[PDB]
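Chemist: Encoded as structure tokens, here's the structure I'll be asking about.
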Amino acid sequence: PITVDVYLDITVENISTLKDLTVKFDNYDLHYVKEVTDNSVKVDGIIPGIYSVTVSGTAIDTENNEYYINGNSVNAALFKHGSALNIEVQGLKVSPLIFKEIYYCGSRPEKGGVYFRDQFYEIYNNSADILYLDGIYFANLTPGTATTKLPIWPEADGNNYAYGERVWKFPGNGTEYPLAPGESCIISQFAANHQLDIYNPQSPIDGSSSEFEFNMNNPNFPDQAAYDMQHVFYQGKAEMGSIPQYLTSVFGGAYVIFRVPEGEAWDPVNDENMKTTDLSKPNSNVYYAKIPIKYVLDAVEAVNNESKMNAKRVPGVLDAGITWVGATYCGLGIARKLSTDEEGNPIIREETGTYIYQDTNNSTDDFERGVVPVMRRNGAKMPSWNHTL
């Protein structure tokens, strides 16, 4: 029975918190787990021998950046008291709530025509703890379709905003829609079985099990069991208007999810400072919502093809690149890449046994292009509050 001094050389800078951090001491049969809140920990009652020591947890820096931190010391010689052990702990920057998979270009039925109603957006809890989706916003940015034609925004705005075409929000009082680490929330344009003969048997997915949908009460493609997103803004108004479906560009849209802090106010409908026309079109009456860049949780710039890099509408700090599928109605989407190590193996959040997805705020780099769309790919879990359960 001995006490071992452990020192963690954490590679993450300006650490503010050490969340769910543990030091495990395994052996072929003594197994110890110790809670850690500082750079150094004393471990009592450990019987001498050679152990494989592992460090795992989360660090939050002074700028609220989240890191999955990990380290190990293989077959350490633990015999003396108080023997000192040093573990190098490296960190992985983790974006808490991201766009995991997006399908937007529509598909082609064999029966003829086109099918643009199979569109969906899969949101993943990539963080160390439960997040509440309640009241989080969803928007597509303007120009709806990527173009080199540049809008002129008010000088007073500076470079503090993205400009939304249509804005939605999740319903809920604040604690109704939690997402646990490893859980996905899918939002469909029309949350139905697209593979039915009445729709498109060649559609890549059945959107019926989607948690949410952008219902606009289309008489012919009606409201489904999936829960409804709350409409926030369209052309300066709170009302949904005349458009029958929420069809984002089949050439690639610019997507954002954003959170307004509790206490802070944001009303693009009633606050005239939060809405604007394109000043390059002086006769315009089309109003866009001023989305503060500082509120954005994730942004994805999809475009027509690899030629549209000079046609971006997502601010560079949110997405420095462009992603694409290169064609309309090809039934192919985009999927976020997994965070892998040097050897190319997926980095696993051992606390939850879940995947961590790559996010460097560059869609050219973070997304696999032209994949066959899949819902809840790589075992993403459906939340307990899903309408089918």
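Labeling convention for the structure tokens: chains A, B, ... as they appear, residues from 1 per chain, ligands from 1 in order of appearance.
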Each residue of region 277-308 of chain A lying at most 6 Å from region 319-328 of chain A should get a row with its shortest atom-to-atom pair and the distance in Å to one decimal, counting only C-alpha atoms; could you produce that, ordered by chain and increasing number, as JSON lines?

Modeler:
```
{"residue": "A:301", "atom": "CA", "partner": "A:322", "partner_atom": "CA", "distance": 5.1}
{"residue": "A:302", "atom": "CA", "partner": "A:323", "partner_atom": "CA", "distance": 4.7}
{"residue": "A:303", "atom": "CA", "partner": "A:324", "partner_atom": "CA", "distance": 5.3}
{"residue": "A:304", "atom": "CA", "partner": "A:326", "partner_atom": "CA", "distance": 5.5}
{"residue": "A:305", "atom": "CA", "partner": "A:326", "partner_atom": "CA", "distance": 4.4}
```

Chemist: Would you mind exporting N, CA, C and O atoms of the selected residues as a compact mmCIF listing (two decimals), in the first residue's frame?

Modeler:
```txt
# COMPACT_ATOMS: atom_id res chain seq x y z
N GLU A 301 -20.80 26.53 -45.36
CA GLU A 301 -20.95 27.18 -46.67
C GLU A 301 -21.01 26.15 -47.78
O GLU A 301 -19.96 25.70 -48.24
N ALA A 302 -22.22 25.80 -48.25
CA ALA A 302 -22.29 24.91 -49.41
C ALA A 302 -22.53 25.77 -50.65
O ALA A 302 -23.13 26.86 -50.56
N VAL A 303 -21.93 25.33 -51.77
CA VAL A 303 -21.95 26.02 -53.07
C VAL A 303 -22.14 24.99 -54.20
O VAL A 303 -22.10 23.78 -53.94
N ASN A 304 -22.36 25.49 -55.44
CA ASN A 304 -22.60 24.74 -56.68
C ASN A 304 -21.54 23.70 -56.95
O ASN A 304 -21.87 22.55 -57.22
N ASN A 305 -20.26 24.11 -56.93
CA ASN A 305 -19.09 23.29 -57.22
C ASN A 305 -17.83 23.97 -56.71
O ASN A 305 -17.94 24.99 -56.04
```

Chemist: I need the residues of region 82-283 of chain A that end up classed as strand (DSSP E) by DSSP on the backbone, written out as a PyMOL selection string.

Modeler: chain A and resi 84-94+97-103+120-125+131-132+137-141+161-169+178-179+184-188+212-213+227-228+230-234+254-258+275-276

Chemist: Check the smallest atom-to-atom distance from each of A:24, A:231, A:166, A:100 to residue 290 (chain A) using only C-alpha atoms, then report the winner.

Modeler: A:166

Chemist: Of the candidates A:363, A:196, A:91, A:184, which shows the shortest atom-to-atom distance to residue 309 (chain A), using only C-alpha atoms?

Modeler: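 Between A:363, A:196, A:91, A:184, the residue approaching residue 309 (chain A) most closely is A:363.
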
Chemist: Quick one: everything within 12 Å of residue 239 (chain A), counting only C-alpha atoms, minus sequence neighbours fewer than 5 positions away in the same chain. Send it as a ChimeraX atom specification.

Modeler: /A:166-168,216,230-234,269

Chemist: Rounded to one decimal place, report the CA of residue 139 (chain A)-CA of residue 254 (chain A) distance in Å.

Modeler: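 It comes out at 8.4 Å.
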
Chemist: In Å, rounded to a single decimal, give me how far CA of residue 83 (chain A) is from CA of residue 1 (chain A).

Modeler: 12.1 Å

Chemist: Find the residues around residue 17 (chain A) up to 9 Å (only C-alpha atoms counted), leave out those fewer than 3 positions away in its own chain, and share them as a ChimeraX atom specification.

Modeler: /A:37-38,58-62

Chemist: Determine the nearest neighbour of residue 300 (chain A) from the options A:380, A:131, A:156, A:102, counting only C-alpha atoms.

Modeler: A:102

Chemist: Find, counting only C-alpha atoms, the residue in A:338, A:332, A:18, A:250 that gets nearest to residue 105 (chain A).

Modeler: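 Closest residue, counting only C-alpha atoms: A:250.
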
Chemist: Could you check the closest approach to residue 155 (chain A) for each of A:389, A:240, A:279, A:296 and tell me which residue wins, using only C-alpha atoms?

Modeler: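 Among A:389, A:240, A:279, A:296, it is A:279 that comes nearest to residue 155 (chain A).
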
Chemist: Which is closer to residue 118 (chain A) than all the others in A:221, A:163, A:177, A:355, using only C-alpha atoms?

Modeler: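 Smallest distance to residue 118 (chain A) is found for A:221.
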
Chemist: Quick one: pick out all helix (DSSP H, G or I) residues within region 213-299 of chain A from a backbone DSSP run and write them as a list in words.

Modeler: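 Answer for region 213-299 of chain A, restricted to helix (DSSP H, G or I): residues 272, 273, 274, 293, 294 and 295 of chain A.
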
Chemist: So what do you get for CA of residue 208 (chain A) versus CA of residue 376 (chain A), distance-wise?

Modeler: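 Going from CA of residue 208 (chain A) over to CA of residue 376 (chain A), I get 13.0 Å.
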
Chemist: Just want the 7 Å neighbourhood of residue 22 (chain A), counted on only C-alpha atoms, with same-chain residues fewer than 3 positions away dropped. Output as a PyMOL selection string.

Modeler: chain A and resi 33-36+55-57

Chemist: Go ahead and dump the residues you just picked, N, CA, C and O atoms, as a compact mmCIF listing (two decimals), in the first residue's frame.

Modeler:
```
# COMPACT_ATOMS: atom_id res chain seq x y z
N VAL A 33 -9.47 4.46 -10.00
CA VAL A 33 -9.92 5.66 -10.71
C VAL A 33 -9.85 6.83 -9.71
O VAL A 33 -10.27 6.69 -8.56
N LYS A 34 -9.26 7.95 -10.12
CA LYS A 34 -9.10 9.11 -9.25
C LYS A 34 -9.57 10.38 -9.95
O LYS A 34 -9.21 10.62 -11.09
N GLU A 35 -10.40 11.18 -9.26
CA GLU A 35 -10.91 12.46 -9.77
C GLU A 35 -9.81 13.51 -9.72
O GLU A 35 -9.03 13.54 -8.76
N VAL A 36 -9.73 14.37 -10.75
CA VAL A 36 -8.67 15.37 -10.85
C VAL A 36 -9.26 16.75 -11.17
O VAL A 36 -10.05 16.88 -12.10
N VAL A 55 -5.13 9.16 -18.52
CA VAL A 55 -5.74 10.45 -18.20
C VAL A 55 -6.74 10.77 -19.29
O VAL A 55 -6.43 10.61 -20.46
N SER A 56 -7.97 11.17 -18.90
CA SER A 56 -9.06 11.54 -19.80
C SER A 56 -10.06 12.48 -19.12
O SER A 56 -10.42 12.28 -17.95
N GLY A 57 -10.49 13.48 -19.86
CA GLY A 57 -11.41 14.49 -19.39
C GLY A 57 -11.48 15.66 -20.34
O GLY A 57 -11.03 15.55 -21.49
```
